[PDB]
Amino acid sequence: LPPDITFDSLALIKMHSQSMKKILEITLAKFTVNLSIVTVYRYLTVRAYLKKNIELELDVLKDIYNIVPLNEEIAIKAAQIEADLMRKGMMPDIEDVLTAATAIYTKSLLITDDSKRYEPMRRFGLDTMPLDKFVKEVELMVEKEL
């Protein structure tokens, strides 16, 4: 529903698949997509692995997406998230905490195929939504003439 959304690495990959190509088209009509540089880096890693020109692929990425650098404000947030998770006896991935920190920072709804690993970070102001539910919401909006 909100104007600002983001995706984590796997949801980004799904959103790029030929079968999402229509959902993507509507997504970019309707939402501002604020990707973490971590998500971009993880994505560019697998592209480069497939021997793609990642300098060119990044140019295409920044044409349709906002790419959010990892700065000092996000690092503060991520440290505080991680330390709290660690106090509660949990072992968060670095990629997750940094992706959540960036989403909290840009005030973006995080679209993910694995919502639950971000659940311990809800308490910090992260909104999340399952990819399959997000896909259903986008089609509904077209039906509702939004």
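Numbering starts at 1 and follows the sequence shown.
- If you average the C-alpha B-factors over 104 to 112 and over 23 to 31, the higher value belongs to 23 to 31.
- If you average the C-alpha B-factors over 81 to 89 and over 41 to 49, the higher value belongs to 81 to 89.
- Sort the chain's modelled residues by C-alpha temperature factor and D8 lands in the lowest third, per the entry.
- In the PDB entry, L58 places in the highest third of its chain by CA B-factor.
- Compared with the other modelled residues of the chain, the Cα B-factor recorded for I67 ranks in the middle third.
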